[PDB]
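Taking it in order: structure first as structure tokens, then the write-up.
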């Protein structure tokens, strides 16, 4: 979720992740990805 994602340094993003991150969970009612 957003809380776990951003508190650990990840970003909540609706589309693909930036370099050196990958999908690790979701944000925003499951609609976005947590990129970390």
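Numbers here mean position along the shown chain, with the first residue as 1.
Technique stated in the header: X-ray crystallography, 1.6 Å.
Positions of Cβ are set from backbone N, Cα and C atoms, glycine also.
Annotated features, as they stand in Swiss-Prot:
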type     : residues : note
DISULFID : 5-34     : disulfide bond
DISULFID : 12-27    : disulfide bond
DISULFID : 17-35    : disulfide bond
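Here the features listed in Swiss-Prot are painted onto the structure.
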residue: 5; record: disulfide bond; DSSP (3 states): helix
residue: 12; record: disulfide bond; DSSP (3 states): strand
residue: 17; record: disulfide bond; DSSP (3 states): coil
residue: 27; record: disulfide bond; DSSP (3 states): strand
residue: 34; record: disulfide bond; DSSP (3 states): strand
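Ranking the disulfide-bonded residues 5, 27, 34 by Cα distance from residue 17 (disulfide bond) puts 34 first. A separation of roughly 5 Å, to the nearest angstrom, links the Cα atoms of residue 12 (disulfide bond) and residue 34 (disulfide bond). Taking Cβ-Cβ distances under 8 Å and a sequence separation of 6 or more, the neighbours of residue 35 (disulfide bond) in its chain are 10, 11, 12, 13, 17, 18, 21, 22, 23, 24.
The local packing around residue 12 (disulfide bond), expressed as other Cβ atoms within 10 Å of its Cβ over all shown chains, amounts to 17.
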